[PDB]
Amino acid sequence: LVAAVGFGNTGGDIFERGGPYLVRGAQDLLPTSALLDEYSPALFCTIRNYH
Amino acid sequence: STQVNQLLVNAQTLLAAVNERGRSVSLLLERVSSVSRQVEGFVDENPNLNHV
Amino acid sequence: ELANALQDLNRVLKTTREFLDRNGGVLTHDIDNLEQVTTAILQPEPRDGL
Amino acid sequence: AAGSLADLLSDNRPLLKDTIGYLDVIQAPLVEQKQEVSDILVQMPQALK
Amino acid sequence: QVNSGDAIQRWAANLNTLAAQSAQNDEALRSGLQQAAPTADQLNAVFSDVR
(Lines give C-alpha, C1' and ligand atoms only; values in the text may rest on other atoms or scores of the structure.)
Protein backbone atom coordinates (compact mmCIF):
# COMPACT_ATOMS: atom_id res chain seq x y z
CA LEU A 1 0.00 0.00 0.00
CA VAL A 2 2.83 2.44 0.79
CA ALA A 3 4.57 1.59 -2.49
CA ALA A 4 1.25 2.05 -4.30
CA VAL A 5 0.88 5.50 -2.72
CA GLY A 6 4.34 6.57 -3.84
CA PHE A 7 4.16 5.10 -7.34
CA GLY A 8 0.65 6.43 -7.91
CA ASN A 9 1.66 9.95 -6.89
CA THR A 10 4.79 9.95 -9.06
CA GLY A 11 3.12 8.40 -12.09
CA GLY A 12 0.09 10.67 -11.80
CA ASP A 13 2.35 13.71 -11.69
CA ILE A 14 4.32 12.57 -14.75
CA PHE A 15 1.18 11.66 -16.70
CA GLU A 16 -0.60 14.92 -15.84
CA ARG A 17 2.44 16.88 -17.01
CA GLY A 18 3.07 14.89 -20.19
CA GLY A 19 -0.33 13.63 -21.33
CA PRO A 20 -1.81 16.54 -23.29
CA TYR A 21 1.60 17.04 -24.94
CA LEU A 22 1.51 13.48 -26.27
CA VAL A 23 -2.16 13.75 -27.28
CA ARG A 24 -1.64 16.92 -29.31
CA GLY A 25 1.60 15.58 -30.81
CA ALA A 26 -0.14 12.41 -31.99
CA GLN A 27 -3.00 14.57 -33.31
CA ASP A 28 -0.65 16.85 -35.26
CA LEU A 29 1.43 13.94 -36.60
CA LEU A 30 -1.35 12.80 -38.97
CA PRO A 31 -0.45 15.12 -41.91
CA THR A 32 3.31 14.56 -41.53
CA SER A 33 2.79 10.79 -41.28
CA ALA A 34 0.55 10.79 -44.37
CA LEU A 35 3.10 12.91 -46.25
CA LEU A 36 6.01 10.65 -45.28
CA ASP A 37 4.00 7.58 -46.29
CA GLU A 38 2.98 9.12 -49.62
CA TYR A 39 6.57 9.89 -50.65
CA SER A 40 8.21 6.78 -49.19
CA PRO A 41 9.08 5.17 -52.59
CA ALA A 42 11.58 7.95 -53.39
CA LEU A 43 13.58 7.40 -50.17
CA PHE A 44 15.81 4.37 -50.76
CA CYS A 45 16.62 5.38 -54.33
CA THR A 46 17.36 8.97 -53.29
CA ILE A 47 19.75 7.90 -50.54
CA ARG A 48 21.38 5.28 -52.79
CA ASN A 49 21.95 7.84 -55.56
CA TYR A 50 23.35 10.43 -53.15
CA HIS A 51 25.72 7.82 -51.71
CA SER B 1 -25.67 -0.91 18.96
CA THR B 2 -24.79 2.66 17.98
CA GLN B 3 -21.66 1.34 16.26
CA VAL B 4 -23.73 -1.32 14.46
CA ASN B 5 -26.26 1.23 13.18
CA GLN B 6 -23.54 3.65 12.09
CA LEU B 7 -21.67 0.79 10.40
CA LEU B 8 -24.75 -0.29 8.45
CA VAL B 9 -25.70 3.21 7.28
CA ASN B 10 -22.12 4.10 6.33
CA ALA B 11 -21.82 0.79 4.46
CA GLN B 12 -25.01 1.59 2.55
CA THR B 13 -23.62 5.02 1.66
CA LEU B 14 -20.26 3.56 0.61
CA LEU B 15 -21.81 0.84 -1.56
CA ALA B 16 -24.21 3.33 -3.16
CA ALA B 17 -21.31 5.66 -3.96
CA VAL B 18 -19.13 2.83 -5.32
CA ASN B 19 -21.66 1.14 -7.61
CA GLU B 20 -23.10 4.28 -9.22
CA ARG B 21 -20.23 3.80 -11.70
CA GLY B 22 -21.73 0.41 -12.44
CA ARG B 23 -20.16 -0.27 -15.84
CA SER B 24 -16.54 0.33 -14.82
CA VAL B 25 -16.79 -1.58 -11.55
CA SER B 26 -18.63 -4.37 -13.39
CA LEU B 27 -15.75 -4.59 -15.89
CA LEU B 28 -12.73 -3.88 -13.63
CA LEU B 29 -11.73 -7.55 -13.36
CA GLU B 30 -12.21 -8.27 -17.07
CA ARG B 31 -10.19 -5.20 -18.05
CA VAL B 32 -7.35 -5.88 -15.59
CA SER B 33 -7.13 -9.47 -16.85
CA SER B 34 -7.15 -8.25 -20.46
CA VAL B 35 -4.44 -5.64 -19.89
CA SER B 36 -2.36 -8.21 -17.98
CA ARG B 37 -2.58 -10.59 -20.94
CA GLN B 38 -1.75 -7.80 -23.41
CA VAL B 39 1.31 -6.65 -21.45
CA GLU B 40 2.51 -10.24 -21.08
CA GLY B 41 2.13 -10.82 -24.81
CA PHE B 42 3.83 -7.53 -25.70
CA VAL B 43 6.86 -8.33 -23.55
CA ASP B 44 6.95 -11.94 -24.77
CA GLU B 45 6.65 -11.36 -28.52
CA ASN B 46 9.36 -8.64 -28.65
CA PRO B 47 12.59 -10.13 -27.27
CA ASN B 48 14.77 -7.80 -29.38
CA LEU B 49 13.58 -4.70 -27.50
CA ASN B 50 16.58 -4.64 -25.15
CA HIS B 51 19.13 -4.60 -27.98
CA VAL B 52 17.12 -1.93 -29.81
CA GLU C 1 -13.59 -13.62 -12.86
CA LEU C 2 -11.55 -13.34 -9.66
CA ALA C 3 -9.39 -16.42 -10.24
CA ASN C 4 -8.36 -15.35 -13.74
CA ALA C 5 -7.83 -11.80 -12.47
CA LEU C 6 -5.50 -13.01 -9.70
CA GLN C 7 -3.51 -15.32 -11.98
CA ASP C 8 -3.11 -12.70 -14.71
CA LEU C 9 -2.20 -10.05 -12.13
CA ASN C 10 0.53 -12.28 -10.68
CA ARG C 11 1.89 -13.09 -14.14
CA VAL C 12 1.88 -9.45 -15.27
CA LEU C 13 3.55 -8.36 -12.01
CA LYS C 14 6.35 -10.87 -12.56
CA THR C 15 6.65 -9.85 -16.23
CA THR C 16 6.72 -6.15 -15.32
CA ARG C 17 9.41 -6.70 -12.69
CA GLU C 18 11.56 -8.61 -15.19
CA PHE C 19 11.04 -5.92 -17.84
CA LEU C 20 11.97 -3.09 -15.47
CA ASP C 21 15.02 -4.94 -14.18
CA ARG C 22 16.05 -5.59 -17.79
CA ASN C 23 15.23 -2.42 -19.77
CA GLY C 24 14.48 0.42 -17.34
CA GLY C 25 18.11 1.36 -16.71
CA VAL C 26 18.77 2.00 -20.41
CA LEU C 27 15.31 3.40 -21.15
CA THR C 28 15.94 6.16 -18.60
CA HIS C 29 19.27 6.97 -20.26
CA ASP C 30 17.63 7.10 -23.70
CA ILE C 31 14.92 9.45 -22.43
CA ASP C 32 17.51 11.72 -20.79
CA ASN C 33 19.65 11.87 -23.94
CA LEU C 34 16.63 12.56 -26.15
CA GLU C 35 15.49 15.35 -23.82
CA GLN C 36 18.95 16.93 -23.75
CA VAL C 37 19.45 16.84 -27.53
CA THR C 38 15.93 18.13 -28.28
CA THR C 39 16.40 20.96 -25.76
CA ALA C 40 19.72 21.77 -27.42
CA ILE C 41 18.07 21.97 -30.85
CA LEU C 42 15.00 23.86 -29.57
CA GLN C 43 16.74 26.87 -28.07
CA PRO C 44 15.56 30.16 -29.65
CA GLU C 45 18.50 30.38 -32.08
CA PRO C 46 18.15 26.77 -33.35
CA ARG C 47 14.38 27.32 -33.35
CA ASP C 48 14.66 30.26 -35.75
CA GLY C 49 17.32 28.43 -37.76
CA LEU C 50 14.96 25.50 -38.30
CA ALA D 1 -7.32 2.99 -17.58
CA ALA D 2 -6.97 -0.80 -17.60
CA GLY D 3 -9.52 -1.10 -20.39
CA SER D 4 -7.97 1.71 -22.41
CA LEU D 5 -4.46 0.27 -22.15
CA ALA D 6 -5.77 -3.19 -23.06
CA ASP D 7 -7.51 -1.76 -26.13
CA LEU D 8 -4.45 0.28 -27.15
CA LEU D 9 -2.18 -2.76 -26.91
CA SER D 10 -4.68 -5.02 -28.69
CA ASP D 11 -4.77 -2.53 -31.56
CA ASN D 12 -1.10 -1.47 -31.76
CA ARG D 13 0.84 -4.65 -30.90
CA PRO D 14 1.61 -5.90 -34.47
CA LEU D 15 2.46 -2.38 -35.61
CA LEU D 16 4.73 -1.88 -32.59
CA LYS D 17 6.47 -5.19 -33.34
CA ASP D 18 7.07 -4.17 -36.96
CA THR D 19 8.21 -0.73 -35.77
CA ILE D 20 10.76 -2.32 -33.44
CA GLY D 21 12.05 -4.55 -36.24
CA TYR D 22 12.38 -1.64 -38.66
CA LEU D 23 14.06 0.45 -35.95
CA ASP D 24 16.58 -2.34 -35.34
CA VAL D 25 17.44 -2.64 -39.03
CA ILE D 26 17.70 1.17 -39.28
CA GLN D 27 19.92 1.60 -36.23
CA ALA D 28 22.33 -1.29 -36.84
CA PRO D 29 24.34 0.52 -39.59
CA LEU D 30 24.32 3.73 -37.52
CA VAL D 31 25.83 1.92 -34.52
CA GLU D 32 28.29 0.15 -36.83
CA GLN D 33 29.55 3.61 -37.91
CA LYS D 34 28.84 5.68 -34.79
CA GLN D 35 32.22 7.45 -35.12
CA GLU D 36 31.73 8.67 -38.70
CA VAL D 37 28.46 10.31 -37.61
CA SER D 38 30.28 12.10 -34.80
CA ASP D 39 33.06 13.21 -37.15
CA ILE D 40 30.66 14.60 -39.76
CA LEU D 41 28.57 16.36 -37.10
CA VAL D 42 31.75 17.97 -35.74
CA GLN D 43 33.01 18.95 -39.20
CA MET D 44 29.75 20.26 -40.72
CA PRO D 45 29.49 23.61 -38.81
CA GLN D 46 32.84 24.79 -40.18
CA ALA D 47 31.82 23.94 -43.75
CA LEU D 48 28.43 25.61 -43.25
CA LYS D 49 30.03 28.82 -41.97
CA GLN E 1 -34.70 -7.82 5.89
CA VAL E 2 -37.65 -9.90 4.66
CA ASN E 3 -38.56 -7.59 1.76
CA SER E 4 -34.94 -7.74 0.52
CA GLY E 5 -34.71 -11.54 0.53
CA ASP E 6 -33.71 -11.84 -3.12
CA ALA E 7 -30.87 -9.35 -2.67
CA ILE E 8 -29.41 -11.08 0.38
CA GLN E 9 -29.65 -14.50 -1.28
CA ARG E 10 -27.96 -13.11 -4.41
CA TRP E 11 -25.06 -11.48 -2.58
CA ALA E 12 -24.67 -14.58 -0.39
CA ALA E 13 -24.28 -16.71 -3.53
CA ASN E 14 -21.91 -14.16 -5.08
CA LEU E 15 -19.85 -14.05 -1.88
CA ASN E 16 -19.67 -17.85 -2.02
CA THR E 17 -18.44 -17.72 -5.63
CA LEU E 18 -15.89 -14.94 -5.05
CA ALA E 19 -14.56 -16.57 -1.88
CA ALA E 20 -14.21 -19.94 -3.63
CA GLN E 21 -12.31 -18.34 -6.51
CA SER E 22 -10.04 -16.45 -4.10
CA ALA E 23 -9.34 -19.54 -1.99
CA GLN E 24 -8.59 -21.82 -4.95
CA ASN E 25 -5.72 -19.45 -5.88
CA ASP E 26 -4.20 -19.00 -2.42
CA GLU E 27 -0.62 -19.46 -3.64
CA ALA E 28 -1.41 -17.12 -6.53
CA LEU E 29 -2.62 -14.51 -4.03
CA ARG E 30 0.50 -14.86 -1.87
CA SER E 31 2.75 -14.57 -4.93
CA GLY E 32 0.77 -11.55 -6.11
CA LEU E 33 1.26 -9.75 -2.80
CA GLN E 34 4.95 -10.71 -2.57
CA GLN E 35 5.57 -9.43 -6.11
CA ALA E 36 3.39 -6.32 -5.78
CA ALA E 37 5.40 -5.17 -2.76
CA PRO E 38 8.69 -4.33 -4.63
CA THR E 39 7.43 -3.87 -8.20
CA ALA E 40 5.64 -0.63 -7.29
CA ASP E 41 8.86 0.62 -5.67
CA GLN E 42 10.76 -0.25 -8.86
CA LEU E 43 8.15 1.51 -11.02
CA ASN E 44 8.37 4.55 -8.72
CA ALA E 45 12.16 4.54 -9.08
CA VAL E 46 11.94 4.32 -12.88
CA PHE E 47 9.42 7.16 -13.05
CA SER E 48 11.33 9.37 -10.60
CA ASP E 49 14.45 8.89 -12.74
CA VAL E 50 12.61 10.31 -15.78
CA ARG E 51 10.59 12.79 -13.72
# chains A, B, ... in the order shown; residues from 1 in each chain; ligands from 1

$ interface_residues --of "chain C" --to "chain B" --cutoff "6 Å" --atoms "only C-alpha atoms" --output "list in words"
residues 5, 8, 12 and 23 of chain C

$ residues_around --residues "region 25-29 of chain C" --least-positions-apart "5" --cutoff "9 Å" --atoms "only C-alpha atoms" --output "JSON, numbers by chain"
{"B": [50], "C": [20, 34], "E": [46, 47, 49, 50]}

$ atom_distance --atom1 "CA of residue 45 (chain E)" --atom2 "CA of residue 35 (chain C)"
18.6 Å

$ atom_distance --atom1 "CA of residue 37 (chain E)" --atom2 "CA of residue 21 (chain E)"
22.4 Å

$ interface_residues --of "chain C" --to "chain E" --cutoff "9 Å" --atoms "only C-alpha atoms" --output "MDAnalysis selection string"
chainID C and resid 1:4 6:7 9:11 13:14 16:17 20:21 24:25 27:29 31:32

$ write_last_selection --atoms "N, CA and C atoms" --output "mmCIF file, in the first residue's frame"
data_model
loop_
_atom_site.group_PDB
_atom_site.id
_atom_site.type_symbol
_atom_site.label_atom_id
_atom_site.label_comp_id
_atom_site.auth_asym_id
_atom_site.auth_seq_id
_atom_site.Cartn_x
_atom_site.Cartn_y
_atom_site.Cartn_z
ATOM 1 N N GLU C 1 -14.078 -14.997 -12.826
ATOM 2 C CA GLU C 1 -13.586 -13.622 -12.863
ATOM 3 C C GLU C 1 -12.387 -13.430 -11.939
ATOM 4 N N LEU C 2 -12.581 -13.664 -10.639
ATOM 5 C CA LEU C 2 -11.553 -13.337 -9.655
ATOM 6 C C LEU C 2 -10.325 -14.229 -9.796
ATOM 7 N N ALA C 3 -10.522 -15.514 -10.101
ATOM 8 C CA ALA C 3 -9.387 -16.423 -10.236
ATOM 9 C C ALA C 3 -8.502 -16.031 -11.413
ATOM 10 N N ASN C 4 -9.115 -15.797 -12.577
ATOM 11 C CA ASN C 4 -8.355 -15.349 -13.739
ATOM 12 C C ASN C 4 -7.692 -14.007 -13.471
ATOM 13 N N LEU C 6 -6.649 -12.807 -10.579
ATOM 14 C CA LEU C 6 -5.505 -13.010 -9.696
ATOM 15 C C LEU C 6 -4.329 -13.628 -10.444
ATOM 16 N N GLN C 7 -4.594 -14.661 -11.250
ATOM 17 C CA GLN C 7 -3.515 -15.323 -11.980
ATOM 18 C C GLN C 7 -2.849 -14.370 -12.966
ATOM 19 N N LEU C 9 -2.890 -11.096 -12.873
ATOM 20 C CA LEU C 9 -2.203 -10.049 -12.127
ATOM 21 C C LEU C 9 -0.841 -10.519 -11.639
ATOM 22 N N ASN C 10 -0.762 -11.745 -11.118
ATOM 23 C CA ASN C 10 0.527 -12.276 -10.680
ATOM 24 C C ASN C 10 1.497 -12.393 -11.851
ATOM 25 N N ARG C 11 1.019 -12.928 -12.979
ATOM 26 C CA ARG C 11 1.886 -13.089 -14.142
ATOM 27 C C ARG C 11 2.373 -11.743 -14.665
ATOM 28 N N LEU C 13 2.624 -8.941 -12.974
ATOM 29 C CA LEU C 13 3.552 -8.358 -12.010
ATOM 30 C C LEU C 13 4.951 -8.935 -12.183
ATOM 31 N N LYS C 14 5.047 -10.259 -12.336
ATOM 32 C CA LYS C 14 6.355 -10.870 -12.565
ATOM 33 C C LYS C 14 6.971 -10.378 -13.872
ATOM 34 N N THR C 16 6.354 -7.554 -15.472
ATOM 35 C CA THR C 16 6.722 -6.153 -15.321
ATOM 36 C C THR C 16 8.018 -6.009 -14.542
ATOM 37 N N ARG C 17 8.180 -6.784 -13.466
ATOM 38 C CA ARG C 17 9.411 -6.697 -12.688
ATOM 39 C C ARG C 17 10.615 -7.127 -13.518
ATOM 40 N N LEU C 20 11.350 -4.265 -16.072
ATOM 41 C CA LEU C 20 11.965 -3.087 -15.470
ATOM 42 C C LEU C 20 13.386 -3.373 -15.005
ATOM 43 N N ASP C 21 13.649 -4.584 -14.503
ATOM 44 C CA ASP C 21 15.024 -4.939 -14.178
ATOM 45 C C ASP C 21 15.891 -5.057 -15.421
ATOM 46 N N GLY C 24 14.706 -0.903 -17.908
ATOM 47 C CA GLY C 24 14.484 0.423 -17.344
ATOM 48 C C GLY C 24 15.745 1.261 -17.260
ATOM 49 N N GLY C 25 16.868 0.632 -16.911
ATOM 50 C CA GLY C 25 18.106 1.363 -16.710
ATOM 51 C C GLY C 25 18.676 1.974 -17.972
ATOM 52 N N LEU C 27 16.418 2.561 -20.695
ATOM 53 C CA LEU C 27 15.313 3.400 -21.146
ATOM 54 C C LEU C 27 15.396 4.791 -20.529
ATOM 55 N N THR C 28 15.748 4.864 -19.242
ATOM 56 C CA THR C 28 15.937 6.160 -18.598
ATOM 57 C C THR C 28 17.048 6.955 -19.273
ATOM 58 N N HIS C 29 18.158 6.290 -19.602
ATOM 59 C CA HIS C 29 19.270 6.966 -20.262
ATOM 60 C C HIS C 29 18.865 7.476 -21.639
ATOM 61 N N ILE C 31 15.815 8.312 -22.611
ATOM 62 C CA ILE C 31 14.920 9.453 -22.428
ATOM 63 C C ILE C 31 15.714 10.702 -22.069
ATOM 64 N N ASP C 32 16.699 10.565 -21.177
ATOM 65 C CA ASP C 32 17.506 11.718 -20.785
ATOM 66 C C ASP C 32 18.286 12.279 -21.969
#

$ atom_distance --atom1 "CA of residue 10 (chain D)" --atom2 "CA of residue 46 (chain B)"
14.5 Å
